[PDB]
Amino acid sequence: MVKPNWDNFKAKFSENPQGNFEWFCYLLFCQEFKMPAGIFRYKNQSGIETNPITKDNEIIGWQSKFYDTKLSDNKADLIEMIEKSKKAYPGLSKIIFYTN
Amino acid sequence: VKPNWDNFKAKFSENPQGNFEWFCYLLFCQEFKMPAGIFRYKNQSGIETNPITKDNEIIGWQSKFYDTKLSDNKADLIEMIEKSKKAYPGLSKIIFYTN
Amino acid sequence: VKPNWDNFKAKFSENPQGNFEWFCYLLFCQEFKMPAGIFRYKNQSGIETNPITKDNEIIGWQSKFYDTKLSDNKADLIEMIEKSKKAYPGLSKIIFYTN
């Protein structure tokens, strides 16, 4: 295998850490909740979509953010994220949140 | 070559503090012409090695690698100064290295 | 494959404790069928992650990598037991891993 290393990530993707983190989280969400496509479809960085999914009479969505400091320091951003998520689609009931 | 601390943190992510200490030990030995090194106890207190002597001035050194601005870390420095003279009474100078 | 701790210490000499903890986390998740992992606080006390629940039994885990025989280390274990119940009052079982 291979251990996680966010210093490799920040050195490698230095011009856009947030957008690449969003790509990575979308791929993992598809592998767990949607129906699995393969490597040839996942290679398109342009293919991100934020649509929620319906399961077991519940509605499930997702969001993610990459940070250099403690989550105590970014409360305004977390609040902004929650309210934007409900604004974008009003039927939402559960949110998976990813961070480093 | 150019100083880049992202390269450093990517290369030495399993142990940053321990590799920064070695970088400073090599530069200290180059600066004060001690090519065969210096004696060092296990878990040595105050400063990183035993002191050197030069022109009746006695000198030691200390290094710290931080993510914070130095103003957040004052208590470490006060502790360093007090814990050194407890152990090495004649000490005259300390050189401090940081990123 | 066969267990060899000289191979381990040669491979992971920059950080033995941190890699042994990950070996135990993966084996725990395999044993108790938690394939997507477990929540964990920064500098978490007593046990390595938050507990799991199973058949009305609440379970945690702890790992230590040592050069000494376990008899030399009794105070760590007493501290472990006492510091866990302070934080997670309903806890029922702890699983302990060591070399």
# chains A, B, ... in the order shown; residues from 1 in each chain; ligands from 1

call {"tool": "select_by_dssp", "arguments": {"residues": "chain C", "states": "helix (DSSP H, G or I)", "output": "MDAnalysis selection string"}}
result
chainID C and resid 5:11 16:31 70:87

call {"tool": "select_by_dssp", "arguments": {"residues": "chain B", "states": "strand (DSSP E)", "output": "list in words"}}
result
residues 52, 53, 54, 57, 58, 59, 60, 61, 62, 63, 64, 93, 94, 95, 96, 97 and 98 of chain B

call {"tool": "residues_around", "arguments": {"residues": "stretch 93-97 of chain C", "least_positions_apart": "6", "cutoff": "10 Å", "atoms": "only C-alpha atoms", "output": "MDAnalysis selection string"}}
result
chainID C and resid 20:21 24 28 47 51 57:65 77 80:81 84

call {"tool": "closest_atom_pairs", "arguments": {"of": "chain C", "to": "chain B", "cutoff": "12 Å", "atoms": "only C-alpha atoms", "output": "Markdown table"}}
result
| residue | atom | partner | partner_atom | distance |
| --- | --- | --- | --- | --- |
| C:12 | CA | B:14 | CA | 9.3 |
| C:13 | CA | B:14 | CA | 9.7 |
| C:14 | CA | B:14 | CA | 6.3 |
| C:15 | CA | B:14 | CA | 6.5 |
| C:16 | CA | B:14 | CA | 10.0 |
| C:17 | CA | B:14 | CA | 11.2 |
| C:18 | CA | B:14 | CA | 8.9 |
| C:19 | CA | B:14 | CA | 9.8 |

call {"tool": "residues_around", "arguments": {"residues": "residue A:85", "least_positions_apart": "3", "cutoff": "12 Å", "atoms": "only C-alpha atoms", "output": "CSV table (one decimal) with N, CA and C atoms, in the first residue's frame"}}
result
chain,number,residue,atom,x,y,z
A,50,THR,N,-22.5,18.0,-8.1
A,50,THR,CA,-22.8,18.1,-6.7
A,50,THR,C,-24.2,17.6,-6.3
A,51,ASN,N,-24.8,16.9,-7.2
A,51,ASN,CA,-26.2,16.4,-7.1
A,51,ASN,C,-26.3,15.4,-5.9
A,52,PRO,N,-27.3,15.5,-5.0
A,52,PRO,CA,-27.5,14.6,-3.9
A,52,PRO,C,-28.1,13.3,-4.4
A,60,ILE,N,-29.2,12.4,0.8
A,60,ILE,CA,-27.8,12.5,1.2
A,60,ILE,C,-27.0,13.3,0.2
A,61,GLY,N,-26.2,14.3,0.8
A,61,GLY,CA,-25.3,15.1,0.0
A,61,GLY,C,-23.9,15.1,0.6
A,62,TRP,N,-23.0,16.0,0.0
A,62,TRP,CA,-21.6,16.0,0.4
A,62,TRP,C,-21.0,17.4,0.2
A,63,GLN,N,-19.9,17.7,0.9
A,63,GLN,CA,-19.1,18.9,0.7
A,63,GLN,C,-17.7,18.6,1.4
A,64,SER,N,-16.7,19.4,1.1
A,64,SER,CA,-15.3,19.2,1.5
A,64,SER,C,-14.5,20.5,1.5
A,78,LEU,N,-17.4,27.2,7.9
A,78,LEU,CA,-18.2,26.0,8.1
A,78,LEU,C,-19.7,26.4,8.1
A,79,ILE,N,-20.0,27.5,8.8
A,79,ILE,CA,-21.4,28.0,8.8
A,79,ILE,C,-21.9,28.4,7.4
A,80,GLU,N,-21.0,29.1,6.6
A,80,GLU,CA,-21.2,29.5,5.2
A,80,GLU,C,-21.5,28.3,4.4
A,81,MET,N,-20.7,27.2,4.6
A,81,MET,CA,-20.9,26.0,3.8
A,81,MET,C,-22.3,25.3,4.1
A,82,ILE,N,-22.7,25.2,5.4
A,82,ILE,CA,-24.0,24.6,5.7
A,82,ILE,C,-25.1,25.3,5.0
A,88,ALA,N,-28.8,25.5,-2.0
A,88,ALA,CA,-28.6,25.0,-3.4
A,88,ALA,C,-29.7,24.0,-3.7
A,89,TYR,N,-30.1,23.1,-2.7
A,89,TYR,CA,-31.2,22.2,-2.9
A,89,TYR,C,-32.0,21.9,-1.6
A,90,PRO,N,-33.2,22.3,-1.6
A,90,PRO,CA,-34.0,22.4,-0.3
A,90,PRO,C,-34.4,21.1,0.3
A,91,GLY,N,-34.4,20.0,-0.4
A,91,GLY,CA,-34.8,18.7,0.2
A,91,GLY,C,-33.8,17.9,1.0
A,92,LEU,N,-32.6,18.5,1.1
A,92,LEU,CA,-31.4,17.8,1.7
A,92,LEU,C,-31.6,17.5,3.2
A,93,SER,N,-31.1,16.3,3.6
A,93,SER,CA,-31.3,15.9,5.0
A,93,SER,C,-30.0,15.3,5.7
A,94,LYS,N,-29.0,14.8,5.0
A,94,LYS,CA,-27.8,14.4,5.6
A,94,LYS,C,-26.6,14.9,4.7
A,95,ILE,N,-25.5,15.3,5.3
A,95,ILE,CA,-24.3,15.8,4.6
A,95,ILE,C,-23.1,15.1,5.1
A,96,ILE,N,-22.3,14.5,4.1
A,96,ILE,CA,-21.0,14.0,4.4
A,96,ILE,C,-20.0,15.1,4.2
A,97,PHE,N,-19.2,15.4,5.2
A,97,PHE,CA,-18.2,16.4,5.2
A,97,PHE,C,-16.8,15.8,5.3

call {"tool": "closest_atom_pairs", "arguments": {"of": "chain B", "to": "stretch 12-26 of chain A", "cutoff": "12 Å", "atoms": "only C-alpha atoms", "output": "CSV"}}
result
residue,atom,partner,partner_atom,distance
B:6,CA,A:14,CA,9.8
B:7,CA,A:12,CA,10.0
B:10,CA,A:12,CA,9.5

call {"tool": "write_last_selection", "arguments": {"atoms": "N, CA and C atoms", "output": "PDB file, in the first residue's frame"}}
result
ATOM      1  N   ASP B   6       8.567  23.815   1.865  1.00  0.00           N
ATOM      2  CA  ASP B   6       7.636  22.780   1.412  1.00  0.00           C
ATOM      3  C   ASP B   6       8.377  21.538   0.935  1.00  0.00           C
ATOM      4  N   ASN B   7       9.490  21.722   0.212  1.00  0.00           N
ATOM      5  CA  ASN B   7      10.352  20.595  -0.145  1.00  0.00           C
ATOM      6  C   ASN B   7      10.849  19.877   1.103  1.00  0.00           C
ATOM      7  N   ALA B  10       7.959  17.953   2.774  1.00  0.00           N
ATOM      8  CA  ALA B  10       7.604  16.765   2.004  1.00  0.00           C
ATOM      9  C   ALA B  10       8.645  15.663   2.163  1.00  0.00           C
TER      10      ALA B  10
END

call {"tool": "interface_residues", "arguments": {"of": "chain A", "to": "chain C", "cutoff": "10 Å", "atoms": "only C-alpha atoms", "output": "PyMOL selection string"}}
result
chain A and resi 3+32+70

call {"tool": "atom_distance", "arguments": {"atom1": "atom CA of residue C:29", "atom2": "atom CA of residue A:35"}}
result
24.4 Å

call {"tool": "residues_around", "arguments": {"residues": "residue C:49", "least_positions_apart": "3", "cutoff": "10 Å", "atoms": "only C-alpha atoms", "output": "number ranges by chain"}}
result
C: 25, 37-42, 44-46, 52, 60-62

call {"tool": "write_last_selection", "arguments": {"atoms": "N, CA and C atoms", "output": "PDB file, in the first residue's frame"}}
result
ATOM      1  N   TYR C  25      -4.245  -0.370  13.932  1.00  0.00           N
ATOM      2  CA  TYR C  25      -5.521   0.221  13.507  1.00  0.00           C
ATOM      3  C   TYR C  25      -6.130  -0.548  12.339  1.00  0.00           C
ATOM      4  N   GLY C  37     -13.211   3.089   8.821  1.00  0.00           N
ATOM      5  CA  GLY C  37     -12.526   3.750   9.907  1.00  0.00           C
ATOM      6  C   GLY C  37     -13.419   4.242  11.033  1.00  0.00           C
ATOM      7  N   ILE C  38     -12.776   4.976  11.954  1.00  0.00           N
ATOM      8  CA  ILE C  38     -13.341   5.395  13.237  1.00  0.00           C
ATOM      9  C   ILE C  38     -12.928   6.847  13.493  1.00  0.00           C
ATOM     10  N   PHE C  39     -13.807   7.606  14.158  1.00  0.00           N
ATOM     11  CA  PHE C  39     -13.504   8.984  14.557  1.00  0.00           C
ATOM     12  C   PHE C  39     -12.397   9.047  15.611  1.00  0.00           C
ATOM     13  N   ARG C  40     -11.598  10.115  15.544  1.00  0.00           N
ATOM     14  CA  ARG C  40     -10.426  10.297  16.396  1.00  0.00           C
ATOM     15  C   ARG C  40     -10.186  11.782  16.636  1.00  0.00           C
ATOM     16  N   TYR C  41     -10.019  12.172  17.902  1.00  0.00           N
ATOM     17  CA  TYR C  41      -9.616  13.532  18.247  1.00  0.00           C
ATOM     18  C   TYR C  41      -8.097  13.701  18.162  1.00  0.00           C
ATOM     19  N   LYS C  42      -7.667  14.954  18.019  1.00  0.00           N
ATOM     20  CA  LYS C  42      -6.246  15.279  18.110  1.00  0.00           C
ATOM     21  C   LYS C  42      -5.784  15.177  19.563  1.00  0.00           C
ATOM     22  N   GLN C  44      -5.748  12.456  21.473  1.00  0.00           N
ATOM     23  CA  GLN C  44      -6.795  11.732  22.195  1.00  0.00           C
ATOM     24  C   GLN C  44      -6.235  10.945  23.377  1.00  0.00           C
ATOM     25  N   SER C  45      -6.963  10.969  24.493  1.00  0.00           N
ATOM     26  CA  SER C  45      -6.495  10.436  25.766  1.00  0.00           C
ATOM     27  C   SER C  45      -7.005   9.021  26.027  1.00  0.00           C
ATOM     28  N   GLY C  46      -6.187   8.246  26.741  1.00  0.00           N
ATOM     29  CA  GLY C  46      -6.550   6.930  27.235  1.00  0.00           C
ATOM     30  C   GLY C  46      -6.448   5.802  26.231  1.00  0.00           C
ATOM     31  N   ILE C  52     -16.134   1.610  19.842  1.00  0.00           N
ATOM     32  CA  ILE C  52     -17.198   0.973  19.068  1.00  0.00           C
ATOM     33  C   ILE C  52     -18.161   0.277  20.027  1.00  0.00           C
ATOM     34  N   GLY C  60     -12.671  -0.501  23.222  1.00  0.00           N
ATOM     35  CA  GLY C  60     -11.604   0.332  22.700  1.00  0.00           C
ATOM     36  C   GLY C  60     -10.303  -0.446  22.570  1.00  0.00           C
ATOM     37  N   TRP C  61      -9.246   0.278  22.182  1.00  0.00           N
ATOM     38  CA  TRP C  61      -7.940  -0.334  21.933  1.00  0.00           C
ATOM     39  C   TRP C  61      -6.782   0.620  22.221  1.00  0.00           C
ATOM     40  N   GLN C  62      -5.603   0.017  22.432  1.00  0.00           N
ATOM     41  CA  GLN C  62      -4.359   0.707  22.772  1.00  0.00           C
ATOM     42  C   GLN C  62      -3.174  -0.139  22.295  1.00  0.00           C
TER      43      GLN C  62
END

call {"tool": "atom_distance", "arguments": {"atom1": "atom CA of residue A:57", "atom2": "atom CA of residue A:36"}}
result
21.3 Å

call {"tool": "closest_residue", "arguments": {"among": "B:1, B:90, B:26, B:8", "to": "residue A:10", "atoms": "only C-alpha atoms"}}
result
B:8
